Structure formats: structure tokens, C-alpha cells
Amino acid sequence: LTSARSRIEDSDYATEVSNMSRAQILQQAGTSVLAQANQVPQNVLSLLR
Amino acid sequence: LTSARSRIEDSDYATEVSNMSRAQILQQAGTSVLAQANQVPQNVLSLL
């Protein structure tokens, strides 16, 4: 019964690590592109001048 | 929804800059021609 409950409550450390890897790589990208996206209005203002 | 509304609310800055410049040139030109016109009857009355 312990083994069965463990099958129900124990997961693939590998699968979780994979999901976190993908999420981590995505997050930095999101931050950087947000930073870049702020620039577009700035350049349209430069055009305004 | 926000993008859809934006597509109808705001005003394209490049186009507006172009139109503003155009209107400025036209206004200066008009002032100049009014001055020239005024000069015209001045010359004709001098001819008189």
C-alpha cells in the first residue's frame, strides 16, 4: 500500500526539471522583450522631435 | 478588446506631423501673398 500511494504521490523529478528549464528560459526572454518593447514609443517620440 | 479600441481611438503621429508641416508652409505662403497683394494697389496708386 505504501508503494501504491507512492506511485500516486511521487513524480518524475526529470519531468519537473524539464518543465522548470523551459519556464526559466522563457522568463528571461519575457523580461528582456518587455524592456525592448518600451523602446518603440521612445523612438516614435524621437521621430516626433 | 484594448487593441481593437486602440485601432479606432488614437491618431497616427507620423501622418499628423506631415499634415502639420504642410499647413505651416501653406500659412506662411498665404501671409506672404497677402503682403504682395497689398503691395499691388500701393503700386497702382503710385502710378496714379
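Per the conventions used, each chain is numbered from 1 along its written sequence, independently of whether this matches the entry, and residues without coordinates are not displayed. Ligands are numbered from 1 and chains lettered from A, in the order in which they are written. Here we see some chains out of a larger assembly; the values all refer to those chains and nothing more. Remark: hydrogens and water are excluded; side-chain values derive from all non-hydrogen atoms of the structure.

- Looking at the entry header, you'll see cryo-EM listed as the method and 3.7 Å as the resolution.

1. Focus: the overall build of chain A
At step 1: Secondary structure summary: chain A contains two helices and zero strands in total.
At step 2: Seen through its C-alpha atoms, chain A measures out along the principal axes to roughly 75 × 15 × 5 Å.
At step 3: Using the Shrake-Rupley algorithm and a 1.4 Å probe, accessible areas are obtained, with residue cover drawn only from the displayed protein chains. Roughly 4700 Å² of accessible area belongs to chain A as shown, and the carbon and sulfur atoms make up 60% of that amount.
At step 4: Each charge class in chain A can be summarised by its mean position, and for the 4 positive and 4 negative side chains these summaries are 14 Å apart. Under the DSSP-based scheme used, a helix requires at least four consecutive residues in state H or I and a strand at least two consecutive residues in state E, with every element numbered from the N terminus. Charge counting treats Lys and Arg as positive and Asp and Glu as negative, with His and both chain ends excluded. One atom stands in for each charge, and that atom is NZ of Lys, CZ of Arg, CG of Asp or CD of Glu.

2. Concerning the environment of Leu 47 of chain B
Residue and element names in this part refer to chain B.
At step 1: Tracing the chain through its elements places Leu 47 in helix 2 (residues 13–47).
At step 2: Each residue is assigned to one of three classes by its accessible area relative to the maximum for its type, calculated with a 1.4 Å probe on protein chains only: buried under 20%, partly exposed between the two thresholds, exposed over 50%. Given the relative accessible area of 65%, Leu 47 is considered exposed.
At step 3: Along the backbone, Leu 47 and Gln 28 are 19 residues apart, and their C-alpha atoms lie at a distance of 29 Å.

3. Observations regarding helix 2 of chain B
At step 1: Here the expected length of a helix is defined as 1.5 Å per residue gap, with one fewer gap than residues. The end-to-end C-alpha distance of helix 2 of chain B is 51 Å, a good match for the 51 Å that 35 residues give at a rise of 1.5 Å each.
At step 2: Here a polar contact is recorded for every N or O atom pair within 3.5 Å, except that within protein the pair must consist of a potential hydrogen donor and a potential acceptor, and residues adjacent in sequence are included only if both atoms are side-chain atoms. Two to three positions downstream of the cap, the backbone nitrogen of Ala 14 of chain B sits 3.2 Å from a side-chain oxygen, assigning the N-cap of helix 2 of chain B to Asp 12 of chain B.

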